[PDB]
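Student: Next up is a structure, given as structure tokens.
Please treat every number below as a calculation from the coordinates, not as lab data. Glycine gets a Cβ as well: all are built from the backbone with ideal geometry, and neighbour counts include every protein chain shown.
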Amino acid sequence: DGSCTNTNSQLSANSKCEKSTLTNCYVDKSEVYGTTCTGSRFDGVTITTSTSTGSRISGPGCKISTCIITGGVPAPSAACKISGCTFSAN
């Protein structure tokens, strides 16, 4: 019972708790769907089940699609669909 799905990190206590957390995540008014954390930072973002956790993710209307790890890095996610998003390391 860690606030919906926050048992170690912070999903903004107001986003989409559709996935537990590891020990390094602080989102703000966002929407994630079965997404992993491990190491990353969110803030005003609407993403779905995505393995992107490295840098900070923000967007008043950002839309991601799965993709892979992040961290201000492109990574092998050329197949990822990101539109209207602002991120850069965490």
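Student: If the Cβ limit is 7 Å and pairs must be 6+ apart or interchain, which residue in the range 77-89 that is of a type in the set (S, T, N, Q) pairs with which residue that is part of a strand (DSSP E or B)?
Tutor: Final answer for the pair search is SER83/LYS63; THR86/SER58; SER88/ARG56.
Student: Considering only the range 59-90, how many residues are of a type in the set (S, T, N, Q), under 22 Å from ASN6 (Cα atoms) and surrounded by 18 or more Cβ atoms within 10 Å (Cβ to Cβ)?
Tutor: 2
Student: Please go through the range 14-29 and pick out each residue that is charged (D, E, K, R) and buried (at least 19 other Cβ atoms within 10 Å of the Cβ). Spell out the reasoning first.
Tutor: Filtering the range 14-29 down to residues charged (D, E, K, R) leaves 16, 18-19, 28-29.
Once the filter is applied, which keeps residues that are charged (D, E, K, R) and buried (at least 19 other Cβ atoms within 10 Å of the Cβ), the range 14-29 yields only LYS16.
Student: Follow-up question, since we're still on this one. Select from the range 24-37 the residues that are in contact with a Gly (Cβ under 9 Å, 6 or more places away or on another chain) and not hydrophobic (A, V, I, L, M, F, W, C) and write down the one among them that is nearest to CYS62 (Cα to Cα). Spell out how you get there, then give the answer.
Tutor: Of the range 24-37, the ones in contact with a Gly (Cβ under 9 Å, 6 or more places away or on another chain) are 24-25, 27-30.
Those left that are additionally not hydrophobic (A, V, I, L, M, F, W, C): 24, 28-30.
Values: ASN24: 21, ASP28: 13, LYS29: 12, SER30: 10 Å.
My answer is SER30.
Student: Among the candidates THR49, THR36, single out the residue that is within 19 Å of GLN10 (Cα to Cα) and surrounded by fewer than 17 Cβ atoms within 10 Å (Cβ to Cβ).
Tutor: On the way: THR36 fails: surrounded by fewer than 17 Cβ atoms within 10 Å (Cβ to Cβ).
Going through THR49, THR36 in turn, the sole match is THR49.
Student: Here is a follow-up. From the list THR38, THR48, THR66, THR23, which one is without any contact (Cβ under 8 Å) to a residue 24 or more places away in the chain, in contact with a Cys (Cβ under 9 Å, 6 or more places away or on another chain), within 19 Å of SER83 (Cα to Cα) and part of a loop (DSSP other than H, G, I, E, B)? If you could, list the steps in order and put the result at the bottom.
Tutor: Details: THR38 fails: within 19 Å of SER83 (Cα to Cα); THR48 fails: in contact with a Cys (Cβ under 9 Å, 6 or more places away or on another chain); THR23 fails: within 19 Å of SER83 (Cα to Cα).
The unique qualifying residue is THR66.
Student: Another question, if that's okay. If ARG41 passes every condition in (1) of a type outside the set (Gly, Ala, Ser); (2) crowded, with 21+ Cβ neighbours inside 10 Å; (3) over 19 Å from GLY71 (Cα atoms) but one, which one does it miss?
Tutor: Against the list (1) of a type outside the set (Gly, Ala, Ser); (2) crowded, with 21+ Cβ neighbours inside 10 Å; (3) over 19 Å from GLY71 (Cα atoms), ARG41 comes up short only on (3).
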